[PDB]
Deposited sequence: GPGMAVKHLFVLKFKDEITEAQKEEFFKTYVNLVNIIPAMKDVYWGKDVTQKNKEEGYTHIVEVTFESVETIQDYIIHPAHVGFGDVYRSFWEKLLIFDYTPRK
């Protein structure tokens, strides 16, 4: 099982309630995007972390071009100053 992990910094103008709303609405994408298996997010100049579980590297791409994900980006991309993305298979 693979992970889609991303790390974010919000723009200064974004309020605390807005950041909270951002993650709540993101997590709700589990209700719309079949590829998303689980999501967790957290707050520790990056401040926030999001981890999504996927069946495979293939299913990650299904999430990427899903119309709800594209829609989320269009509404919310303006919230972040900068973002890093990582896709990988956890191993020990």
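If you line the structure up with the deposited chain, the stretches without a C-alpha atom are 1-4, 49-56.
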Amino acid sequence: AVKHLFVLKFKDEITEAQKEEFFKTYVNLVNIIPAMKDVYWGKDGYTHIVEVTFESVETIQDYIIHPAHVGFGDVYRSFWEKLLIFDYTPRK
From here on, numbers count along this sequence of modelled residues.
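Higher mean CA B-factor, judged across 11-19 and 66-74 from the recorded values: 11-19.
Highest C-alpha temperature factor among 53, 47, 28, 59 per the entry: 59. When all modelled residues of the chain are sorted by CA temperature factor, residue 1 is found within the highest third.
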